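Chains as they are written, first to last, in the deposited numbering: chain L, 1 to 213; chain P, 42 to 50; chain H, 1 to 216.
Using N, Cα and C, we set each Cβ at its ideal position, and we do this for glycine too.
Working notes, structure below.
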Amino acid sequence: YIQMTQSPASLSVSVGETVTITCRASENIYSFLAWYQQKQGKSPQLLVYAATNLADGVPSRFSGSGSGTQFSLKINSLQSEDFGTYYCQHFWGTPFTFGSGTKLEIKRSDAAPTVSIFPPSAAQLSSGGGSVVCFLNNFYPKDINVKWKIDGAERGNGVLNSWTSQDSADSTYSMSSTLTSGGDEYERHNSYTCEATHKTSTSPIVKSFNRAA
Amino acid sequence: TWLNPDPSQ
Amino acid sequence: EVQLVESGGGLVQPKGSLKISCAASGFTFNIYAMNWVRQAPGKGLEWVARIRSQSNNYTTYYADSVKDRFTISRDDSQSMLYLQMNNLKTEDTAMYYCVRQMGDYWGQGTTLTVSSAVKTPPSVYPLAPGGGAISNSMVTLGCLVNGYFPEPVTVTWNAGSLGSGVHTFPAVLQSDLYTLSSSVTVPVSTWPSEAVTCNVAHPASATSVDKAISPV
Ligand SMILES: *[C@@H]1O[C@H](CO)[C@@H](O[C@@H]2O[C@H](CO)[C@@H](O[C@@H]3O[C@H](CO)[C@@H](O)[C@H](O[C@H]4O[C@H](CO)[C@@H](O)[C@H](O)[C@@H]4O)[C@@H]3O)[C@H](O)[C@H]2NC(C)=O)[C@H](O)[C@H]1NC(C)=O
């Protein structure tokens with residue numbers, strides 16, 4: 001079977017920049033190779049077929065080249081919309097195997113997260129549960145540090161975080177952090193703090209609330 | 042070929 | 001134009017069976033070879049099966065991890081592509097794509113979830129600010145969706161009015177149960193002067209909760 005190895009796994013590209021994704025084939029596959037772009041929550045769209053042929057309704061900035069065993073896709077002056085995950089696939093025999101993928105991010109000027117803190121719902125309390133939610137909205141770059149503080153004492157137990165995919169609109173990221181606790185364990189303290197550390201500043205963005213206030 | 046509906050390889 | 005619409009994907013108990021479907025239109029179906037491709041949540045694309053046209057005696061091809069277990073078939077009279085899936089395993093959980101010929105057109109896909117976890121309606125909570133000391137003209141509000149199975153859920157705001165300012169965060173497994181939050185940024189002129197409501201929908205458990213966000 002033919003093993004397609006793709007490179008690089010991920011790229012952080014700025015608008016106007018040009019970049020090339022390469023993809024090598026274990027065996028000789030002549031020119032039987034296609035390129036796909038996939039956007040999150042969507043089906044892959046065909047970019048280039050038979051290695052060098054631009055498919056219908058695809059920008060001329062997409063250039064496929066290569067034949068034999070080494071292949072590469074090239075994007076000239078990458079646009080904002082060119083975000084996604086790029087895959088190669090050979091079509092020389094069964095099974096058709098794919099490259100491991102190339103995650104493509106849009107490079108952006110740094111932006112601080114807007115932090116929002118939320119106390120456990122009054123509806124959730126009457127159910128015996130208690131979750132404290134913290135939103136960190138529209139920031140760049142991706143990596144971000146969240147820490148919790150109850151009554152001054154830190155918390156690292158029931159904290160579970162979720163990032164979003166970089167959005168097409170402004171190219172930023174968002175992240176929820178949800179501290180889940182007993183519901184009885186909640187009412188034993190009153191002060192609750194959410195600390196966000198990010199590239200933009202060394203001083204953490206603190207958002208807090210008092211249960212007994 | 043790619044544009045052939047059902048190519049025989 | 002050319003279109004391939006998948007259907008049939010749902011929650012299946014492990015070692016269970018499911019038939020998924022692909023409806024084709026906008027091209028001569030009976031001359032084209034067809035195939036199924038899958039994509040596990042978060043992972044890459046895996047080719048699963050291929051089936052040739054009648055003129056080529058319908059010869060079939062499979063992936064080793066699927067052989068003797070999945071059977072690809074087609075009804076040319078109804079421009080339909082099928083995939084019979086028997087003895088389903090955990091690793092067969094994926095988005096299943098209906099692909100034409102060698103890859104020129106892809107369907108939107110149906111999700112297949114192979115789990116022994118039970119279907120559960122979500123608990124919807126409103127997220128409203130607390131304490132005080134507001135440092136922004138825009139106030140962000142949210143909805144917490146707690147303890148549900150399986151995926152997906154659909155969170156919109158105001159019947160679909162609030163298009164921008166909305167962030168919906170993926171999901172997480174803890175104990176065979178999913179949890180996701182949603183956020184919305186609105187002016188203090190708008191809120192609480194207008195009624196901001198979230199519209200959570202869980203297709204499986206036939207759930208449609210609408211929660212209003214009320215000042216504390
Ligand atoms: C799809 O399947 C069909 C049916 O299996 C298939 O069509 C058949 O193709 C074969 C050729 O491979 C044909 O068989 C030949 O028929 C001719 C004419 O009658 C005979 O002269 C041939 O006889 C020779 O070979 C024999 C050994 O099998 C010897 O005994 C003999 O001495 C000769 O040397 C041979 O039998 C067959 O007629 C067709 N059938 C039809 C209905 O057309 C087709 O190939 C498959 N499709 C594709 C594209 O692969």
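Test: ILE31(H) CB closer than 8 Å to a CB of chain P: For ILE31(H), the answer is yes, since a Cβ of chain P falls inside 8 Å of its Cβ.
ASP110(L) in three-state terms, based on DSSP: Coil.
Cβ-Cβ distance between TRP191(H) and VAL139(H) below 8 Å: Closer than 8 Å, so yes.
Ligand 1 heavy atom lying under 7 Å from the CB of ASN57(H): At least one heavy atom of ligand 1 lies closer than 7 Å to the C-beta of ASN57(H).
Any chain P beta carbon closer than 8 Å to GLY93(L): It does: the Cβ of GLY93(L) has a partner Cβ on chain P nearer than 8 Å.
Alpha carbon of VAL209(H) to alpha carbon of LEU11(H), nearest angstrom: Rounded to whole angstroms, the separation of the alpha carbons of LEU11(H) and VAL209(H) is 22 Å.
Minimum Cβ-Cβ distance from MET34(H) to chain L less than 8 Å: At least 8 Å separates the CB of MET34(H) from every CB of chain L.
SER177(L) and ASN161(L) closer than 8 Å at C-beta: Result yes, Cβ atoms of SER177(L) and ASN161(L) sit closer than 8 Å.
Those residues which DSSP pairs with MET80(H) across a bridge: BP columns for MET80(H) point to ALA23(H) and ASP75(H).
Residues within the region 192-207 of chain H neighbouring chain L, beta-carbon criterion of under 7 Å: Within the region 192-207 of chain H, no residue has a Cβ that lies closer than 7 Å to any Cβ of chain L.
Within-8 Å CB hit, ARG50(H) to chain L: So yes, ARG50(H) belongs to the interface.
Sub-8 Å separation of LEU78(L) and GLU17(L) beta-carbons: The answer is yes: Cβ separation under 8 Å.
Proximal residues, the region 45-66 of chain L versus chain P, C-beta separation under 7 Å: The residues in question are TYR49 and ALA50.
Distance, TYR36(L) Cα to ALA49(H) Cα: If you take the alpha carbons of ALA49(H) and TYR36(L), they lie about 19 Å apart.
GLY160(H) - DSSP class collapsed to helix/strand/coil: In this structure, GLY160(H) counts as helix in the three-state DSSP scheme.
Simplified DSSP assignment, three categories, for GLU105(L): DSSP, reduced to helix, strand and coil, places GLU105(L) within a strand of the structure shown.
CA nearest to the CA of residue 269(L), picked from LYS74(L), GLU154(L) and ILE2(L): The structure shown has nothing for residue 269(L), since chain L only spans 1 to 213.
Buried or exposed (CB count within 10 angstroms, at least 16 for buried), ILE117(L): Buried, because 16 or more other Cβ atoms sit within 10 Å of the Cβ of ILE117(L).
Collapsed DSSP secondary structure at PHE98(L) in the structure displayed: Collapsing the DSSP output to three states places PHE98(L) in a strand.
Residue-chain proximity (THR93(H), chain L), Cβ-Cβ < 8 Å: No, because no Cβ of chain L sits closer than 8 Å to the Cβ of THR93(H).
Residue of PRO129(H), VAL99(H), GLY16(H) and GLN3(H) minimising C-alpha distance to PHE27(H): When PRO129(H), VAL99(H), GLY16(H) and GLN3(H) are compared, the shortest CA-CA separation from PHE27(H) is found for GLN3(H).
Separation of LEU83(H) from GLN3(L), as counted between CA atoms: Cα to Cα, the separation comes out at about 26 Å.
Contacts that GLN108(H) makes with chain L (C-beta to C-beta distance below 9 Å): Neighbours of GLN108(H) on chain L, chain order: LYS42 and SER43.
Three-pair Cβ contact test at 8 Å for the region 106-117 of chain L versus the region 191-204 of chain L: Taking one beta carbon from each stretch, the region 106-117 of chain L and the region 191-204 of chain L have 3 or more pairs nearer than 8 Å; the two touch.
In DSSP terms, what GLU154(L) is bridged to: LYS149(L).
Test: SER189(H) CB closer than 8 Å to a CB of chain P: By this cut-off, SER189(H) is not an interface position.
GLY132(H) versus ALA33(H), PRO215(H) and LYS19(H), residue with shortest Cα-Cα distance: Here the closest residue by C-alpha is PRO215(H).
For residue 214(L), the nearest candidate out of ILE134(H), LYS67(H), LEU173(H) and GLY8(H) (CA to CA): For chain L, the structure presents residues 1 to 213; residue 214(L) sits outside this window and is missing.
Min CB distance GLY8(H) to chain L below 8 Å: With respect to chain L, the C-beta atom of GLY8(H) has no partner C-beta closer than 8 Å.
Cβ of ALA23(H) within 8 Å of any chain L Cβ: So, not an interface residue.
Spatial distance of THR102(L) from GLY64(L) (CA atoms): As the crow flies, the alpha-carbon of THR102(L) is around 15 Å from that of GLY64(L).
Nearest-angstrom Cβ-Cβ length linking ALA34(L) and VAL115(L), presumed shorter than 8 Å: Not quite, the Cβ-Cβ distance comes to about 44 Å (not below 8 Å), so this is no contact.
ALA212(H) - DSSP class collapsed to helix/strand/coil: In this structure, DSSP gives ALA212(H) an extended state, which the three-state scheme calls strand.
Heavy atom of ligand 3 within 7 Å of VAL196(H) beta-carbon: Summarising the ligand content, the structure contains ligand 1 and does not contain ligand 3.
Cβ-based burial, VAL196(H) [other Cβ within 10 Å; buried from 16]: Around the beta carbon of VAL196(H), 16 or more other beta carbons lie within 10 angstroms, which makes this residue buried.
3 or more residues per run - each beta strand (DSSP E) lying fully within the region 28-106 of chain H: Here the runs fully enclosed are 34-39, 45-51, 60-62, 70-75, 80-85 and 94-100.
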